[PDB]
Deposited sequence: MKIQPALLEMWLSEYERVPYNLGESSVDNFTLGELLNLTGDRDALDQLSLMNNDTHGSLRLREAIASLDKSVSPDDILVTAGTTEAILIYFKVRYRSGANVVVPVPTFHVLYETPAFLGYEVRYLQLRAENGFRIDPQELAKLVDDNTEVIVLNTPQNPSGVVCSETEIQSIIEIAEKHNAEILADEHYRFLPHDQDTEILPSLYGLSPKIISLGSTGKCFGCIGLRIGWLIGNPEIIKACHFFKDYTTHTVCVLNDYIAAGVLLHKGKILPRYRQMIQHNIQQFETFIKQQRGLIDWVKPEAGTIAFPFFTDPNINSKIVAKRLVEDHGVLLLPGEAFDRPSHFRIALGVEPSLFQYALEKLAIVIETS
């Protein structure tokens, strides 16, 4: 569809556009197509580590996207009778991969009436001594909510009291409306990051895991049975992306804030029919119809067939009144999408 607002990545570069910003074009031809460093290249791991003082280049395992990292981590920490706590709505892999691996998945239902925020007392009611992982996706996909320092501190306290690790999916830390990594805040925190969603190069398939030496050694071992290594080419391009983030992220931040303002104007024009928890960071928002009778699936279907505008209906997150909309698109397409959405609402 020409007006696709249903993705969680920003508008992607071409390879040539990206290399004109990173300067990495001439170095690519000398790269060897032998197997990459199995932890990821030092250049990429040092570029990742430079984002946070708490992170050293040896704490990092580069994976083929965070999807692979999620799989390897949950496999390593699996044991019979273990459970994972997943706040939902979130990226589906974060609860489906543990389920595939045999985990008992305990869902923490986040809701727009509570600002999609984690209540520590409701999380402590889900964590026991068999809880091995608490998933913490911040900034959140689809809400865009950033966990406050006190919510994090309460989660750290629940996790350290039950010896549960915290899987902090920090995919969207690069686009505040960068956010510091949670990796240093507690020994139980394992951090996930990626260039994909924030830098206009989701197709590079570069993610990383940050953890203590034993979880890194265990994840590195099992990666031999998923993809072995990531390509030196994607590795090298992703590293230059991070080292030149100042040529990429501010432009996307500017696009997102224009689209946030455009959606707030759209909220005023809809006069209470549309609301949202205003996002704090990332590439997406999760607005909702304030009418419990309208189903976003039927609005979205008419919008994509009659106008070619794609919004992700909230049923994909079991929130039928909501829909996710991409903020990292050109503001003209964003505004065009809202104007067609207003037409579907009016009729």
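In sequence order, which parts of the deposited sequence are missing C-alpha coordinates? Holes in the chain trace, numbered from 1: 1 to 17, 195 to 199, 370.
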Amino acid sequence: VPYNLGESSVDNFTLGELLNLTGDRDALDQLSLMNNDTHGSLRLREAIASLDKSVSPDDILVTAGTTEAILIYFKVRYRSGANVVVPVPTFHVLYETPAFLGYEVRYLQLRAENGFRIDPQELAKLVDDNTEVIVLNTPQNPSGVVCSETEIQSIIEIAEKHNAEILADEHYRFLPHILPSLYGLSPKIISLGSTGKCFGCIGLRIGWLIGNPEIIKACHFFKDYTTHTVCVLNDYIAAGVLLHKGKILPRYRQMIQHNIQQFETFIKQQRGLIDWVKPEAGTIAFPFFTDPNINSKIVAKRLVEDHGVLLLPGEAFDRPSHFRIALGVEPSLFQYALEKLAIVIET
From here on, numbers count along this sequence of modelled residues.
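Of 6 to 14 and 334 to 342, which one has the bigger average CA B-factor? Higher mean C-alpha B-factor in the PDB entry: 334 to 342.
Averaging the C-alpha B factors as listed in the entry, name the stretch that ends up higher: 80 to 88 or 240 to 248. That would be 80 to 88.
Reading the B-factor column of the entry, which of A69, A316, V55, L44 has the highest value at its C-alpha atom? Reading the PDB entry, the winner on C-alpha B-factor is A316.
Kindly indicate the residue among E157, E96, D235, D169 with the greatest C-alpha B-factor in the PDB record. If I rank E157, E96, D235, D169 by C-alpha B-factor, first place goes to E157.
Using the B-factor values recorded in the entry, state whether the Cα atom of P213 falls in the lowest, middle or highest third among the modelled residues of its chain. CA B-factor rank for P213: middle third.
Which third, lowest, middle or highest, does the CA B-factor of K268 fall in along this chain? Top third by C-alpha B-factor.
What third of the chain does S50 rank in for C-alpha temperature factor, lowest, middle or highest? Its C-alpha B-factor, which the entry lists for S50, ranks in the lowest third among residues of this chain.
Third of the chain's Cα B-factor distribution that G196 belongs to, per the entry: Lowest third of the chain for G196's C-alpha B-factor.
Among the modelled residues of its chain, does the C-alpha B-factor of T38 lie in the lowest, middle or highest third? Lowest third.
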